[PDB]
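S.K.:
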Amino acid sequence: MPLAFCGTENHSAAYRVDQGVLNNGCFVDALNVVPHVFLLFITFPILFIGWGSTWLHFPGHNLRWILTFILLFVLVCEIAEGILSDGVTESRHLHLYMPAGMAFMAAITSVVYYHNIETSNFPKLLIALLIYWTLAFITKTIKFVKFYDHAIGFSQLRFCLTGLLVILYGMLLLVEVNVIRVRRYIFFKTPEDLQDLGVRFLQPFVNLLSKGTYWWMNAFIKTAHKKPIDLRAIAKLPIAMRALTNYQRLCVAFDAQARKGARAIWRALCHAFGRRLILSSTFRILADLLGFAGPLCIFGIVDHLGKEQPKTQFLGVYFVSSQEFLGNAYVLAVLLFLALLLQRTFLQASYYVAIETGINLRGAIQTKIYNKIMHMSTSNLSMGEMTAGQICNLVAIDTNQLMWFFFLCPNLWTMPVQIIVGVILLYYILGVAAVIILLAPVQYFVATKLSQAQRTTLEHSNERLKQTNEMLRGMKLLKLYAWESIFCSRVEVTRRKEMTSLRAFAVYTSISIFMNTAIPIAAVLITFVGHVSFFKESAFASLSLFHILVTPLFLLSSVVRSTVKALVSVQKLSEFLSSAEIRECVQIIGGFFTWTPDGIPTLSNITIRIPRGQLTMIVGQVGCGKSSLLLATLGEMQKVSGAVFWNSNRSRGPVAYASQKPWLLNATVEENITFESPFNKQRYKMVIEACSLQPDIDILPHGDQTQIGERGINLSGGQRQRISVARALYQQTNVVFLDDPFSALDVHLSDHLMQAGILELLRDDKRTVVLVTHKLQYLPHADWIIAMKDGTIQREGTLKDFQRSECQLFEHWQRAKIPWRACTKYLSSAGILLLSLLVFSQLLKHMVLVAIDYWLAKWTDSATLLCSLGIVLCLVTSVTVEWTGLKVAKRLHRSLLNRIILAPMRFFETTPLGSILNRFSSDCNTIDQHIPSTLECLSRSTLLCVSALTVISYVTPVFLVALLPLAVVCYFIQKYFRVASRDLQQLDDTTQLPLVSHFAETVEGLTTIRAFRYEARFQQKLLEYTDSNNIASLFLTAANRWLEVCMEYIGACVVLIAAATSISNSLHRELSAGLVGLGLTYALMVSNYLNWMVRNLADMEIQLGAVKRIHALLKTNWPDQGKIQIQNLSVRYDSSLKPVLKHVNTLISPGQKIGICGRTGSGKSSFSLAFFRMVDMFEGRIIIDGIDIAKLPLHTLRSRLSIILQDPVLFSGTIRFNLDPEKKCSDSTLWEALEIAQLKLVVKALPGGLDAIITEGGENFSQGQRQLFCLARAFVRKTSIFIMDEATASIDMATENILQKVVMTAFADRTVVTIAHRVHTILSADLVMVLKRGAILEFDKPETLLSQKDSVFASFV
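What the sequence shown shows, in the authors' numbering, is residues 1 to 52, 63 to 200, 207 to 276, 283 to 330, 335 to 458, 464 to 569, 576 to 621, 678 to 742, 765 to 928, 992 to 1041, 1069 to 1321, 1338 to 1578, in sequence order.
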């Protein structure tokens, strides 16, 4: 029984070459063999030469790929047909399936060949492929015309298949010769060079296999596991994705639409992105339809295999009828497999095209927003209407969610089509669905109530977090007076109010999961119960349809919510976009200028001229239009009437300017000094000298490298005014405007040195200046002054004019992860009595869903109360999850508060408040309102997945042999993808932060930037920020889609193997395919349960990482003697190299209020810190009124001994709560204190009295009211001693009032120990001690020994 080529029968009569060679119907297949094996036998060594930087794709090549692939599809179909025809027959006969296998391999090799000839630019070498393609087109055309001569027609299948690849090969031969015409290589006598030089990200210019499967990502992601992904490793982002380019295209769209509001933005967005958005929607519709084809193949397979030879015979050859073709079993399985392997590639492509269009929308619209910042007026009507928070929330939230809307925009095209086709094929499947079509509005109303509760919850917990910030800012002051507990109680009360709100949030979000996971069960139950009781007419395919319908509905509910937010956002930006713009030597003639663009000119009759070569000191009344006139010269006022001659020694030059309000960019201080200018040491040193900035630089621990301004080193107002003057002065300009720099700079000697340096700089540059201020010490002397009285110019001339206008009278006046810490979370959070119930209910629910699936299979074979148990268990699990997360967050919150209470003040000195507040608030929010739902979703998704692989292994008990490599591959793919995705996620966050940082620093100092006309550099910084955000966003997106392709093909192979082994055991061993079919419907859902599994697993990784930060914060009658004799108590902090206090055996006598101030460099502050027993006094002996002060409860010791401070602060609350909240002793003591200290005329003038709100520090009480509250605590806490510190900045009368209050404290308490680096006012005392260079050097029990000795008087001089 050997291998006959055509067939052995009739004594070699099929080998009869008589009656023509071509009229033999088997010999033509042998003719069709020739071109395919010819191309193989001429192109394998070539390919091996191939096997042994610059790319150019050939012209007209997309149709090559689609014709080659669709010919792969029909050639696989002819492989199936050849096997099905040669197998049920008596012979072998081997002429049905020898040509197709080499043809399949030939198509594979000719596309590898076309790829290897596209990689290497050598166009004269595709002559072989084209002469091949023409030869095979001719040969199958001959076969088809002889099939036509035998008059077969379309009834038999092989006629149709042959005609299909005839027109296939003809049309793709025509593609080849169109390329021949274009590139003109063979018979003609006679590129992406821009796309060459650039970026790493070559996904839009790569072959189709890498466009589909993200093959180029592979070498990236495998590179990413060894070394991390720096920003330099990220691409340069090519021209087609440059934000400027999309912005130009969009502005052309704007101009075309606006030549021919909300509809304008709508039309503009549609015109700029519809040809891709529509392409994305088209791919999405095709993916929906090929998803919706699946169940037809499963139903057909099970019906024909339950059906338990072909009729036609033309010329002795058996042709399979087409109904029997599409009625076959194995053929439909292979078709199902190839349909899934193409469906689940178009879905990812649709995702990606929507994402790419979204990133270009974000780019162009952010660029447009910033361009219309660059022309927006900074008025008190323009900026006075809309603050910077409005425009910051606009940019951030609006543009990101408009992007998320154009993410969800094809969904609003498909989920309706999804629902309609679901209803249609559910009627074809089950005969004569409203429940499942009623589960998207359930999600809509539940999400609506959830978002309302979340809004209210967030704006309540915002007040809770603000109170916590106000209770964590004064940590040292409240711990010093032992006043932590009352603020902890007011926090725990606000926390429990927020906890009631969070319980309502969790209820309304448990019900979404419950409705989400119990609507299909009731839908199927009502469906089949109708089918039996109400219908009585006649399954697993229907269940799979139930899955395919269930998935879009909740997404569509979110789409509708996003649509509403998008419409509101476009309304917001349209009402924003039509606000007032700005506009289109010195001389101003007509004089009318206002802010509102009509009516009430705010500055009129202005006829003032200031030509070049000048130094104008200006003067005027208080707010008489000085900054208004300066900005009006700058062209920043709506000038109604007048003209502006303008000539720099008609275009404007770089006028330096400095507004009344200072401004500093959140950058380095030298970067905030140089301001995008080259750096020379001389002028920089001169400006640091003139503005006295070298002591200011030394006042900072980095100086010219510290992150100045907001989000960094907190500066002072005089420092910021001086920094602004330095940045204004350095920029090397032909004019200089100084609008009162020494107004806020109250340092007179600094101001005088600055005035002299200003004269020197403006005198040594020979450039015009204009200084508008009230410093009249020099302004009427040697300036060309100009005075604006009542908003008008009086005289711009010499000093004799001010001696002629009654103005001198005023001048005469790695990568480790969760499970240890995650185990600690679940253990310390839950308690096993609810964790066990949660895991048991989840496992039981999934066992019930498996069981009801098997019961559905058996009843369908033979042609309820488990779906009810399922719904109840789903409700139970959703309740248990939300309840467990709520209790978890509650007890963790109280734990965080308790560990923050039991802390030393040295940690607050060490660690910033930002770390404690950040890992408090953001991680508490994450482990309170975001982590439990994701945990529940993971615990439902991976358990559905483990269930599904259990079902596949149960149906086909041979599957597990193929499970082990699939799980190994999934484990390795999970590992390498996790390694890339975590780092890329952090790179996304740390790149999306500086763009909105730029929008803050732009919106703050806008008029200075628009004053310099130095917009293009910030334009480049904006475009750089937008590019650095977009490249990370596109790589994160494309990594997600590549993940989904790789894991989803792993799942597809699982489906194929499971179905194959189940069908193999059901053809012969008769597996009773219901157990097999129920396996298959989990095999289809595996394909996306893995999807949900992988994406949610990454999210579970990142959020449990901030629990790590949580673990890090979990890791760490009245004494009236005053006779505490310290006996040699030596102090240390790290006990490393330098103790400060040494051997100080010093006593404060009763009455002898020893105010002991010393040397401020070495021994002043350390003793002042160590005075409250709040530091490590490493030796000696410290008695306190004869008691042991080294082993006492420090809460009781620090409660009843008041002090004063250097930088005092008032805790906000009731006035009795601001005085003594824990005590609340008596009203008359508070009247005596708050009368006799200070602020009696504010307390009695307060609206409430002792029960009035301390308005966040006493915002309009006094500044001496802080010291008054200190004295209140001194009079209230039975405090004989009162340790006082000096005022940092105060008035001399304020220091005298503090001294008078200290005199009253001496008259009433008489115990005090004060240190003051202001030694010349610290002389009113009783005893003193000077402890210089860390010793007991001087002690003066009379006050005259300080004034008697040399050095103490030298410190007193």
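For every residue, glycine included, the Cβ atom is placed at its ideal position computed from N, Cα and C.
Using a threshold of 8 Å, state whether the C-beta atoms of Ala1303 and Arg1183 are closer than that.
M.R.: Cβ distance < 8 Å, so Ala1303 and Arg1183 count as in contact.
S.K.: Which residue wins for smallest C-alpha separation from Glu1114, given the options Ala251, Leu503, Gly728, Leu860?
M.R.: Minimum Cα distance to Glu1114 is reached at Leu503.
S.K.: Under three-state DSSP, which class holds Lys732?
M.R.: The answer is strand: DSSP assigns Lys732 an E or B state.
S.K.: Pull up the DSSP beta-bridge partners for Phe5, would you.
M.R.: None, per the DSSP bridge assignment.
S.K.: Just checking: is the beta-carbon of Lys1412 within a distance shorter than 8 Å of some beta-carbon in chain D?
M.R.: The structure shown contains no chain D; it holds only a single protein chain.
S.K.: Suppose only complete runs of 4+ residues qualify. What are the alpha helix (DSSP H) ranges in the stretch 1169 to 1230, listed by chain order?
M.R.: The stretch 1169 to 1230 contains these whole alpha helix (DSSP H) runs: 1211 to 1217.
S.K.: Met903 by DSSP, collapsed to three states: which one?
M.R.: Here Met903 sits in strand by DSSP.
S.K.: Which whole-angstrom value describes the C-beta separation of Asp1530 and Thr1500, a residue pair presumed to lie in contact below a C-beta threshold of 8 Å?
M.R.: Indeed they touch by this definition, with Cβ atoms about 7 Å apart.
S.K.: Quick one, are the C-beta atoms of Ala309 and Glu1087 less than 8 Å apart?
M.R.: Cβ atoms of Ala309 and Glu1087: not closer than 8 Å.
S.K.: Classify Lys150 as buried or exposed, calling it buried when 16 or more other Cβ atoms lie within 10 Å of its own Cβ.
M.R.: By the 10 Å Cβ count, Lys150 comes out buried.
S.K.: Near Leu1426, what residues of its chain come up, given a Cβ to Cβ distance below 6 Å and the 5 sequence neighbours on each side ignored?
M.R.: The answer, listed in chain order, is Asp1506.
S.K.: Could you spell out the range, first to last residue, of the alpha helix (DSSP H) harbouring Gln485?
M.R.: Note, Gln485: alpha helix (DSSP H), 471 to 504.
S.K.: Thinking just about the alpha-carbon of each residue, which of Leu373, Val185, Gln166 is nearest to the one in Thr229?
M.R.: Among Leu373, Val185, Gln166, the Cα nearest to that of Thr229 is on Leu373.
S.K.: Using three-state DSSP, classify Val17 as helix, strand or coil.
M.R.: Of the three classes helix, strand and coil, the one that applies to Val17 here is coil, per DSSP.
S.K.: Is the CB-CB distance between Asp1406 and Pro1468 below 8 Å?
M.R.: Going by C-beta atoms, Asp1406 is not nearer than 8 Å to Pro1468.
S.K.: Alpha carbon to alpha carbon, how far is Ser581 from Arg297?
M.R.: Each residue's alpha carbon lies about 34 Å from the other.
S.K.: Thinking C-alpha only, which one of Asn437, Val733, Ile395 is nearest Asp691?
M.R.: The residue with the shortest Cα to Cα distance from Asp691 is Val733.
S.K.: Could you tell me whether the stretch 1 to 14 touches the stretch 87 to 107, where touching means 3 or more Cβ pairs closer than 8 Å?
M.R.: Because the criterion of three Cβ pairs below 8 Å is met, the stretch 1 to 14 and the stretch 87 to 107 touch.
S.K.: Buried or exposed for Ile1345, going by 16 or more other Cβ atoms inside 10 Å?
M.R.: Buried: at least 16 other Cβ atoms inside 10 Å.
S.K.: Which value, in whole angstroms, describes the spacing of the CA atoms of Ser1146 and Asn1293?
M.R.: If I take the Cα positions, the gap works out to 10 Å.
S.K.: From this set, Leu438, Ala414, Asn406, which residue's C-alpha is nearest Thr304's C-alpha?
M.R.: The residue with the shortest Cα to Cα distance from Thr304 is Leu438.
S.K.: So, does the stretch 851 to 859 touch the stretch 681 to 688, judging by three or more C-beta pairs under 8 Å?
M.R.: Verdict: no, contact absent.
S.K.: Measuring straight from C-alpha to C-alpha, what distance separates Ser595 and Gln427?
M.R.: If you take the alpha carbons of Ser595 and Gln427, they lie about 12 Å apart.
S.K.: With three or more beta-carbon pairs closer than 8 Å as the criterion, would you say the stretch 120 to 135 touches the stretch 168 to 186?
M.R.: The stretch 120 to 135, when compared against the stretch 168 to 186, does not touch it at the 8 Å Cβ threshold.
S.K.: What residues match up with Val1549 in a beta bridge as DSSP calls it?
M.R.: According to DSSP, which records beta bridges pairwise, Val1549 is partnered with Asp1561.
S.K.: How is the beta strand (DSSP E) around residue 1579 delimited, first residue to last?
M.R.: Residue 1579 falls outside the range modelled here, since the chain spans only 1 to 1578, and no answer is possible.
S.K.: Exposed or buried, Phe44, counting other C-beta atoms within 10 Å across all chains shown (16 or more means buried)?
M.R.: With fewer than 16 other Cβ atoms within 10 Å, it is exposed.
S.K.: Leaving out five residues on either side along the sequence, give the residues of the same chain with a beta carbon under 6 Å from the beta carbon of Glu1443.
M.R.: Result list for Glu1443: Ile517, in chain order.
S.K.: Alpha carbon to alpha carbon, how far is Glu523 from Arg1099?
M.R.: Distance between the alpha carbons of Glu523 and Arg1099: 8 Å.
S.K.: May I ask you to report which of helix, strand or coil DSSP gives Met257?
M.R.: Here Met257 sits in helix by DSSP.
S.K.: What is the DSSP secondary structure of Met710, counted as helix, strand or coil?
M.R.: Note: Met710 maps to strand in three-state DSSP.
S.K.: Indicate the three-state DSSP secondary structure (helix, strand or coil) for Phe79 in the structure shown.
M.R.: Helix.
S.K.: Taking the alpha helix (DSSP H) that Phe1528 belongs to, which residues open and close that run?
M.R.: Here the alpha helix (DSSP H) through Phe1528 covers 1513 to 1529.
S.K.: On the DSSP letters alone, give me the boundaries of the beta strand (DSSP E) that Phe852 sits inside.
M.R.: First-last of the beta strand (DSSP E) with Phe852: 850 to 854.
S.K.: Looking only at C-alpha atoms, which of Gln775, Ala843, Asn547, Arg1419 sits nearest to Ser1138?
M.R.: Comparing Cα positions, the closest option is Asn547.
S.K.: Taking only runs of the alpha helix (DSSP H) that begin and end inside the stretch 1431 to 1459, which ones reach a length of at least 4 residues, in chain order?
M.R.: Counting whole runs of 4 or more residues, the stretch 1431 to 1459 contains the alpha helix (DSSP H) stretches 1436 to 1440, 1448 to 1457.
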